[PDB]
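Residue numbers (PDB author numbering): 29 to 199. Cβ coordinates follow ideal geometry from the N, Cα and C atoms, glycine included.
Set out below in structure tokens:
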């Protein structure tokens, strides 16, 4: 389908549904200062049965996807991002165009794993998809969101050296 892309889509959907159902009425998502805390958050949610072990798995690398909380219009812990790390460039581009329509926010880390600082702010970081890296889709009104009619965006998407991490966000 490819099988891993289909599985990633399913899992990413299941996780964002679980996060929004669980935490929207609680005012915030759980704090995550760094990727260590993000990893512990995912493991915690598996342990509550909110997401299954298999849904938490990054299908490309076999370990849990990190879940970060990050700011929204300066308010702490008001958005989340599910990070899919360890991708090849091809997997980065394919995944974004396969599941991206389900997420208002998308950011890319080239050459490493997603970190909190890479995420910026859910509402105030403008997308610059013509650069193919960083925030490439967001609700910021000044955003230049990924535009598959633009060959520049298509070619530059997931620019750089591997591994690639892609963060899929919502609030």
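Q.
I'd like the span of the beta strand (DSSP E) that includes residue 270, first residue to last.
A. No statement about residue 270 is possible, as the shown extent of the chain runs from 29 to 199 and does not include it.
Q: Indicate the three-state DSSP secondary structure (helix, strand or coil) for residue 94 in the structure shown.
A: strand
Q. Does the Cβ of residue 54 have 16 or more other Cβ atoms within 10 Å, making it buried, or fewer, making it exposed?
A. exposed
Q) Anyone know if the C-beta pair for residue 250 and residue 93 falls short of 8 angstroms? A) Since the first residue shown for the chain is 29 and the last is 199, residue 250 is missing from the structure and cannot be characterised.
Q. For residue 138, which beta-bridge partners are listed by DSSP?
A. 192
Q. Where do the N-terminal and C-terminal ends of the alpha helix (DSSP H) with residue 184 fall, by residue?
A. Counting along the chain, the alpha helix (DSSP H) containing residue 184 begins and ends at 179-184.
Q. Is it the case that the Cβ atoms of residue 144 and residue 98 are separated by a distance below 8 angstroms?
A. yes
Q. Given residue 141, which residues of its chain have a CB within under 6 angstroms of its CB, disregarding the five upstream and five downstream residues?
A. 113, 193
Q. Does the beta-carbon distance from residue 102 to residue 146 come in below 8 angstroms?
A. no
(Q) I'd like to confirm the pairing. Which residues does DSSP put opposite residue 86 in its beta bridges? (A) The partner list for residue 86 (beta bridge, DSSP) is empty, contrary to what the question assumes.
Q. Are the beta-carbon atoms of residue 155 and residue 163 separated by less than 8 angstroms?
A. It is a contact, given that the beta carbons lie within the stated cut-off.
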